[PDB]
Amino acid sequence: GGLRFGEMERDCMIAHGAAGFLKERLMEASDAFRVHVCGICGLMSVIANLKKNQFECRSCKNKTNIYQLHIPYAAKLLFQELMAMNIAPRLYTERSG
Amino acid sequence: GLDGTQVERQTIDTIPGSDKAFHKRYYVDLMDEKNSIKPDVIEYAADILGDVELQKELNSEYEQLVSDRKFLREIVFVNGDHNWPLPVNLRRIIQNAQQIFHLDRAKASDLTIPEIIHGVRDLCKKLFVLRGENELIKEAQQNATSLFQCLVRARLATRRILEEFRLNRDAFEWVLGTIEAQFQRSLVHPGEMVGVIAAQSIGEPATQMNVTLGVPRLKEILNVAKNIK
Amino acid sequence: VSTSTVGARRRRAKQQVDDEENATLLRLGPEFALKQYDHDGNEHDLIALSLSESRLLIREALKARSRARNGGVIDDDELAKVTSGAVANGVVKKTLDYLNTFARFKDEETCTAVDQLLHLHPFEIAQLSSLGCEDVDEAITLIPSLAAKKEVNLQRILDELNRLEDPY
Amino acid sequence: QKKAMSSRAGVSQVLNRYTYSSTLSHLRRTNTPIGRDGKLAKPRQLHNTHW
Amino acid sequence: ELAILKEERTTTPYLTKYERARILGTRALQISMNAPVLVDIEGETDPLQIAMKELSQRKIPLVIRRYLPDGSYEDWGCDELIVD
Amino acid sequence: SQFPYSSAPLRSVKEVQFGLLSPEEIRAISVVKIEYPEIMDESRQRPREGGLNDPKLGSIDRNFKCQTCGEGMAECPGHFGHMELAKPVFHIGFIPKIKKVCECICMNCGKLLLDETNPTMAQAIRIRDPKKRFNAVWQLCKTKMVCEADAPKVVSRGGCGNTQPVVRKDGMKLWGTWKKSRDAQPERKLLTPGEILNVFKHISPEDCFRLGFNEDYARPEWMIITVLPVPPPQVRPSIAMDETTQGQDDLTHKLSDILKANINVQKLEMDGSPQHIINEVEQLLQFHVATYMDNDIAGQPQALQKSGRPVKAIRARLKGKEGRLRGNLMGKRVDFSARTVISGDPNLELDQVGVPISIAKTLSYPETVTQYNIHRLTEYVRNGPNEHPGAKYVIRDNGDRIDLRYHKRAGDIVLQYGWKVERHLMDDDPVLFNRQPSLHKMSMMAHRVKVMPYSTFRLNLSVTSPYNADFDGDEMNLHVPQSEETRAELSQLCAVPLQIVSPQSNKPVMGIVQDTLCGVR
Amino acid sequence: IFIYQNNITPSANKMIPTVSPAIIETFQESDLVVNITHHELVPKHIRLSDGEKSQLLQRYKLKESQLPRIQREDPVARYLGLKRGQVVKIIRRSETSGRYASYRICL
Amino acid sequence: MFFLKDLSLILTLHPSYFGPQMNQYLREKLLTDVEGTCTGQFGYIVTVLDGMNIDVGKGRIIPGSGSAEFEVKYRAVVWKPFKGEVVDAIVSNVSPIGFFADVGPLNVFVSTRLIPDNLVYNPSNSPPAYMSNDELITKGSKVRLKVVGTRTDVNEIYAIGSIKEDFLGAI
Amino acid sequence: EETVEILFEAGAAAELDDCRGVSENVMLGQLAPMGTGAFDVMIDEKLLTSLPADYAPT
DNA sequence: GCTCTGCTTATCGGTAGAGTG
DNA sequence: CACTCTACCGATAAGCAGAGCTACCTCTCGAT
RNA sequence: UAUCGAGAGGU
Ligand SMILES: Nc1ncnc2c1ncn2[C@@H]1O[C@H](COP(=O)(O)CP(=O)(O)OP(=O)(O)O)[C@@H](O)[C@H]1O
Ligand SMILES: [Mg+2]
Ligand SMILES: [Zn+2]
Ligand SMILES: [Zn+2]
Ligand SMILES: [Zn+2]
């Protein structure tokens, strides 16, 4: 197994201002994952065949406005668990105010 | 605007003492010869006595020190405490200049009085915490450095520089350059996560520690308890 | 890969079927709305280009790029060689020859005359210039959007357009 | 078994055999089933009557 | 729009400890990927060492974009920020 | 680099727009309808299409690619299904909010019981924050017990005149009591989810806003469940107790229970329904859909597994010290870490840490191959994973790792510039060192490695104080940065010498101690 | 300014916002026996003019919601009759700098 | 149908390209990558305006990879066809199933069922053409067609025409 | 604290989360706006032009 | 199993105003 | 013009339920 | 190279 980098160790790296190190610990050294999201509806509802080079969010009828994200696997899991309870957590890559 | 690692307890020398002892240390009288600067510590001792235009400077110096003493005694530190954490340890800067420039002796200083008063007064305008010409920025900058300026003026007074520390021109310009550089180094750096640092600095001692005290009292405060013990 | 100024369009509860592109009904899709925005956020009317306008811009841009590469010192087959890559040489050469044989107003003198004559949707303004016509009957057929606008002169427009049209 | 919650846990334990002294102590141990939720201190104190 | 003109910059003219650590690390990474180096490389060939040499000569070709709370920003080159 | 190439632009998340999933949207994103509670085809291997492990939901198997996206189990994110419910049920999380909305609007036509003509009510619509607006509105409309047909000549506001109920919550059920006109007899009827659903669909867009809801993202009838999103197997994996014995996740069983209970609601209203049975069977569908999401409902028994323990609902997955946020997102277990007993060393520099050889051969750092280190790194590769100073992997620009344990011709490897060599941990590598509890920032400081025999981590005695370490069994943790950027953060921000003075009290946190302090006197 | 002795009925208390643009303020006569702004711990609060407030917001590039706040019912806000949106400037002793200017905006 | 469109392209630059001609490299790279390519969303990007003066902006260094990301904003002449749009063309080939007509960048297929009945394919004629009595559609004939369908391959677009309507045909 | 209640209320009120906090970015695996993350790093095209011409991209 | 706070229900007047002699 | 007699909103408690309860680490044992 | 628990321990 791997050691637990717990919340108090997180706080220590915040105090150090070591943002790169903390990101790396919690991604490259753990559960970093790539997901595809729809640029319109913000859900992880994209069907992505990478050898065929084709992406589509069927709900939005969208094959062009599609982004990939690097997030913790446990974040992908959290968001799917919220969806299973009828909560829509929409991940957008641009602001609007 | 300072980083917690960059301050040390220093005494602000215009706060203690009687009005007589205060006047004895800081006032220079170019008229009364026995209340002027000693002649063996300066080269220009002859051209000093009687100069009313140079006495106007020394009056503006002493009036400022009196303002400081009044400000510190009536507004900031009513109970008279004069030892406080402040940046840039002035005692070390001076004793290094005394060693670097061999300020031993019994040697007359070539440092003229207007150089001291204008040098120090110009220093207190280069201690930039906040930059910008906006009226509010300049006001915030003056408030941010008010206490430190008093510490500086209380040390770098004409009489003390010449009689007590015995600085020459080379050493005095170095002290000014060093103070300015060390003050910049003592500013907190943007990006500093002072929230978590505050949280750990207060929380860590608590893990190792007829009015209520200790942890039960801390809990009453932080929880904003309605019925304290 | 390459994207544009129009963004957003986040999901709404109600769908829309006023979208299918029909040039007859002036439905040009989400990219070619009447009001566009430049790279500074400023509002701007859609820039639709007649065959004659487009011939001037493309030819000017290609020879201006060639001059800039030469530090500041004619033919379409030579002008299309300014582009980079055989795919670009192809599309540009095929586009110039098409414009070379269907641009009525082949100079900027006549083109600005047509510009002032016409200056009404930007799509129609480019169609009237690109498609030579004899009568009003032929214009409201090929461009069925001019139906309910109710403000002709159309005929003297077409007459001036056809008179301005140089021989070949 | 069907009531494993609400039932008390740890009443039976694997007999400690690390060393002889530890076996003797294990056979003479007692348990107060108060919990760990609700701190207090009173049942944890060495009461005079424990003498 | 958001960008603050050089003449109206109000933020500190010194490189911060956080800017220094990120600049050194970022530049080190770029050097190990064979980015053009702006100083002579003698005996010290580690990416971090070369990056520290460029820093000491004000030769790291990077710019700090300091965001202010309202979203506006000042670009400062590492050639112009003061290094202790 | 370990992710296969995708043409989609890589971006980060700048905004999260929360809301509810409409019934239409739940169906639009679904890749399969879930109808059959039998997980397996017929115990004849493979999963039953339309069942809870329909392969269209995604691949969790090393040898079967996903039948929806074509990707292996590593890339496949999982895809949702949908399950149509025979009868609308409450969302267990939203019952108390549904109750508040019912008391706000007319339970007949769906109009806000008060209008902008009412000055105080006109003040409440001014509130910019949706949550606060909803409360200010609800504080007014709760007591309005009649839908007014007329504004306060006759000017009509569109009201219907009906009296409003006094709504009370009773478990998963809402009861409304209308006071028939002095005092007479009041009749409390049940406010079914379906009844409330239809009333809610008649709320106007303008009244939807005044209630703090959102026409596109949080429409108030989406708090009633008519179609359930079925999460993919990635959310609810199976486990194998003894190689050939596999059990299902608590969520898989609970969705089976919802599916079974849904079928029995269809089996009643079409044939043998003794009424008092229709209410018992519909109530059971409400139960399974509620305890699937939240199994700590106060005042009623928990859903139980046949083993007797309570079911692990989704709500319990996310809360608490061990839940999804504090246990998997704010902190987590990490690679390139180590732990062992600590010892003191009078002959180490303040900023060093002595690292056992075995630990230094297990941990690694991926050094990029350049002209300046290719000779050095080839030597490490020849030494291999078991001899120090050595190396464990060679990483190509494509991402393919070469495992140096199984490469019998390691001497015939040629390193290309731009490749990476995962070499052993070596002297002066910066590492983050840490003793729990991590009470302040100098509980985690960067030390310079010194590789040493024997199995303890070695500390200079003067760093014991900030760590509050001693050597009576204490253990400490070591973390290895994996890039030029994170190495530099350790050496340039966290290194021991940078930490000698702490901002806590503008004074040092390290001094001379024990033997050296006794001896110096 | 209406000083009462014991209470003001909630029904009569509603006659207070029905009288704009004129402003009615109420004080219990007890609460005024001591002037609280004369206390050591209450530094001098000075209301900013509409122009001074704008100058403050631009210097910090601030929205109003990003300033520290003072409640309308705050004893010193009531003493000054602060209305929603108005800002006080507060000059204060400081043990690290001697003097520090704090700004609060009224809710 | 020609337009002026404001477009942009994200270019990622590897650190070995962090040299003295970086901006000029990106400007050439934009042109090589964008000119002549087709998308269903904008159409054919024919030529980029003011290529040698394009403002490439500053490159953002991507944390963890060292590479720099530029957003190169530009303005181009684009050509996209539309269903319903009438356009002129030049026929490239004639065959028993109709003819093919070059409308600028792309090629349009007109099938026999979208050709008026009196136009008869005559292979014996030299050169081969669809003929009538006063009509003549051979290779190189100016024709006016109506785009009745656009199909998108994201590489080349495919449009099917018709001259089976009023005012359409040879000109 | 109150993890699930916060998220239910956020859905029902269509809360927009601008992801400016430290915790947001930690849980999204993104460089947090703190310390070394409180600014962006750009490439200095002007300082690169002092290199010789043979260093130029081809 | 124990402390706290906020939120959801009864009691308290308290008036404040038409019905009254 | 002196009386009550009830419809109001205060201000009460008032009772209630739940939410929370240091960090990291080791090992054995039983049930599914 | 399982999961859920419990118990005993280390600093
Ligand atoms: N239950 C616990 N929870 C959290 N931290 C704990 C702990 N038990 C021990 N620790 C950690 O270990 C330290 C205890 O050190 P010990 O070795 O137990 C006593 P000391 O005060 O260092 O020495 P002494 O034996 O001379 O009195 C605590 O200060 C903390 O750092
Ligand atoms: Mg110990
Ligand atoms: Zn979508
Ligand atoms: Zn899949
Ligand atoms: Zn109604």
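- Structure determination for this PDB entry was carried out by X-ray crystallography, with a resolution of 3.0000 Å recorded in the header.

### Here we look at the interface of chain A and chain I
- Taken together, the contacts link 23 residues of chain A with 20 residues of chain I.
- Buried area between chain A and chain I, both sides added, is near 1600 Å², and the carbon and sulfur share of it is 70%.
- Linking chain A with chain I are zero salt bridges.
- Scanning the region where chain A abuts chain I turns up four residue pairs in polar contact.
- In the side of chain A that touches chain I, the residues fall into 15 nonpolar, five polar and three charged.

### Examining the site of ligand 1
All names here are of chain F.
- Around ligand 1, the neighbouring residues are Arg 435, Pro 437, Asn 468, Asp 470 and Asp 472.
- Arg 435 places a polar side-chain atom, nitrogen or oxygen, 3.0 Å from an oxygen atom of ligand 1.
- The contact in question runs from an oxygen atom of ligand 1 to an N or O atom on the side chain of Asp 472, over 3.2 Å.
- When isolated, ligand 1 has an accessible area of 650 Å², and the protein chains bury 25% of it.
- Taken together, the residues that form the shell around ligand 1 break down as one nonpolar, one polar and three charged.

### Some points on the interface of chain F and chain A
- Contacts between the two partners involve 85 residues from chain F and, on the opposite side, 71 residues from chain A.
- Counting the surface lost from both chain F and chain A, the interface buries some 7200 Å², and carbon and sulfur atoms represent 58% of this.
- The largest per-residue losses of area from chain F upon contact with chain A belong to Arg 11, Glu 15 and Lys 332 of chain F, which jointly make up 10% of the total buried on that side.
- Linking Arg 90 of chain A and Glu 25 of chain F is a salt bridge whose minimum nitrogen-to-oxygen distance equals 2.6 Å.
- Summed over the shared surface of chain F and chain A, the number is 51 residue pairs in polar contact.
- When the residues that make up the side of chain F that touches chain A are grouped by side-chain class, the tally is 45 nonpolar, 24 polar and 16 charged.
- Here three bridges tie strand β6 (residues 90–92) of chain A to strand β1 (residues 15–17) of chain F, and the two strands are oriented antiparallel to one another. From the neighbouring strand, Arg 90 of chain A faces β1 of chain F, where its bridge partner is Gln 17 of chain F.

Analysis parameters
- Residues numbered from 1 in each chain as written, not as in the entry; some residues may be left out.
- Chains lettered and ligands numbered in written order.
- Part of a larger assembly, values for the part shown.
- Heavy atoms only, no water.
- Contact = heavy atoms within 4.5 Å.
- Buried area = accessible area lost by both parts, 1.4 Å probe.
- Salt bridge = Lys/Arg side-chain N within 4 Å of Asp/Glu carboxyl O.
- Polar contact = N/O pair within 3.5 Å; in protein donor to acceptor, adjacent residues only side chain to side chain.
- Nonpolar A, V, L, I, M, F, W, Y, C, P; charged D, E, K, R; others polar.
- Near = heavy atom within 4 Å.
- Areas by Shrake-Rupley, 256 points an atom, 1.4 Å probe, with all protein chains shown as cover.
- Pairing = 2+ DSSP bridges.
- Helix = DSSP H or I, 4+ residues; strand = E, 2+ residues; numbered from the N terminus.

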